[PDB]
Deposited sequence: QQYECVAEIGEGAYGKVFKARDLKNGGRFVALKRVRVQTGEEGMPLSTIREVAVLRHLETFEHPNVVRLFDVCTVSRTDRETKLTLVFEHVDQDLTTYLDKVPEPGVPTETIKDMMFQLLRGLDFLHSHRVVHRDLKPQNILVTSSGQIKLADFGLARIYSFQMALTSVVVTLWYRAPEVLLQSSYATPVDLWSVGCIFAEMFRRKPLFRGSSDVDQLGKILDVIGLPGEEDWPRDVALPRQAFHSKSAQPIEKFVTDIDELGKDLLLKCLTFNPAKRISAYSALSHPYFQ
């Protein structure tokens, strides 16, 4: 084979990911991934090869596609979840957050501008280069609920604001170094959320969902500076807009890039 697997670096419902040697391209480490045995896959692959034509610095580069189906990416040495583990005390520098957040919002904005929703944005998909660059992975191709948007939990909409709620949970985890909303089910996840952001208005609750608003009793909207520590006045306003219950009122990645927090 053109690539030689050396170690497993990821497993799940997306497929099995391997660290491999690019035997033909200088022995560089690459990320292999195999998908199962269709025409909807033809669709999602052409999109992946189309976004590659742009070669965005905040998305993992696609080196090859083979034939059930093998996907070769640029190997980046570690992910966000092992970066936050190994980072020294007392945490991530305040500007290292601001920079990584901007790279995150740029990759998401690139993905959203081309009408691609990540749908599972979490630290395990966020990768950090040895240089410190944020490169997104595991998208454009079809369990932890800790980063699901409220509208995915309620099962109503699954649009681009879904990824911006996750950005809020990652934003707060870059000050906590621990997940903000950590639930054991979708009904518990939505509860741990509303316990902090507050019970929204009756018109903010989507319709035809099985879970009614009156199901929860999270009486107050709590101040976010209690659950997240060390966030500035701007880091609060930006984080509050990502963690907005109504996806229509929630901030977009394009509007988040042009926010006072990134000056």
Practice item. Walk along the deposited sequence from position 1 and note every stretch that has no C-alpha coordinates. Key: 38-44, 75-82, 158-170
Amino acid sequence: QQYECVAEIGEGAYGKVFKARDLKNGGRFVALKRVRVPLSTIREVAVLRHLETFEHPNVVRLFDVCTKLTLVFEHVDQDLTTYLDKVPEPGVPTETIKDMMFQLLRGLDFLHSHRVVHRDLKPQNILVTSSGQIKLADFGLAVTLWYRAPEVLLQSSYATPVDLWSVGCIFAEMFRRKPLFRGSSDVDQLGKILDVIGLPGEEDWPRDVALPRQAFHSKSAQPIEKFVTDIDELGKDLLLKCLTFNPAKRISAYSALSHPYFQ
From here on, numbers count along this sequence of modelled residues.
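We call the rigid core the largest set of C-alpha positions that still match within 1.5 Å between the two forms.
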Exercise for review: Compare 99-107 with 69-77 and report which one shows the larger root mean square C-alpha deviation from this form in 9 other deposited structures of this protein once the rigid core is superposed.
Suggested key: 69-77
**Study point:** Farther-lying stretch by C-alpha RMS in 9 other deposited structures of this protein (rigid core fit) among 231-239, 58-66
**Key:** 58-66
**Study point:** Flanks modelled, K33 absent in at least a third of other entries
**Key:** no
Practice item. Check whether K219 goes without coordinates in at least a third of the other compared PDB entries of this protein that model residues on both sides of it. Key: yes
Exercise for review: Going by the average Cα B-factor in the PDB entry, point out whether 159-167 or 79-87 comes out higher.
Suggested key: 79-87
Point to revise | Between 110-118 and 88-96 (mean CA B-factor, as deposited), the higher | key: 88-96
Review point. At the C-alpha atoms, which of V37, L199, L32, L211 reaches the highest B-factor in this entry?
Key: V37
Check your understanding: Among the modelled residues of its chain, does the C-alpha B-factor of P150 lie in the lowest, middle or highest third?
Key -> middle
Check your understanding: Among the modelled residues of its chain, does the C-alpha B-factor of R21 lie in the lowest, middle or highest third?
Key -> highest
**Study point:** Third assignment of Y254 from its chain's C-alpha B-factors
**Key:** middle
**Study point:** Third assignment of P123 from its chain's C-alpha B-factors
**Key:** lowest
**Study point:** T144, C-alpha B-factor rank within chain (lowest, middle or highest third)
**Key:** lowest
